[PDB]
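Shown next as structure tokens: one chain only, the form deposited in one PDB entry.
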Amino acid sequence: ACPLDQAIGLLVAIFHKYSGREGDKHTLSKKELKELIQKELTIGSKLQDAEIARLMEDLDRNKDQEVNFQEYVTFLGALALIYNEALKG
């Protein structure tokens, strides 16, 4: 597949890996989203960074709210901005 098609396939795969764990496969809880981020990304060395810590805390504070696919992807974009080296500057 083309690079972007590959990217989307992976986004969908990881979403379903966690959304399929409990209830409706169309959503996952913010608690489950926090777990997903910590396990699926090599983010361990960056969790204390001021901006990433606030994103992670927001998830904890709203742990029982559900997240659909659209919101999950939007979230990944937000994280990428403060997590991806290429997006610095």
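Basically, rigid core = biggest C-alpha set you can superpose within 1.5 Å across the two forms. Numbers follow the displayed sequence, beginning with 1.
Note that the form deposited in another entry isn't included here; everything after this is about it.
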**Prompt:** Once you line up the core, how about residue 84: does its CA shift reach 2 Å between the shown form and the other one?
**Reply:** yes
**Prompt:** After superposition on the rigid core, does the Cα atom of residue 39 shift by at least 2 Å between the shown form and the other one?
**Reply:** no
**Asked** Would one find the Cα atoms of residue 18 and residue 84 closer or farther in that other deposited form than in this form, where their distance changes by 3 Å or more?
**Response** farther
**Asked** Which is it in that other deposited form for the CA atoms of residue 75 and residue 30, closer or farther than here, knowing they shift by 3 Å or more?
**Response** farther
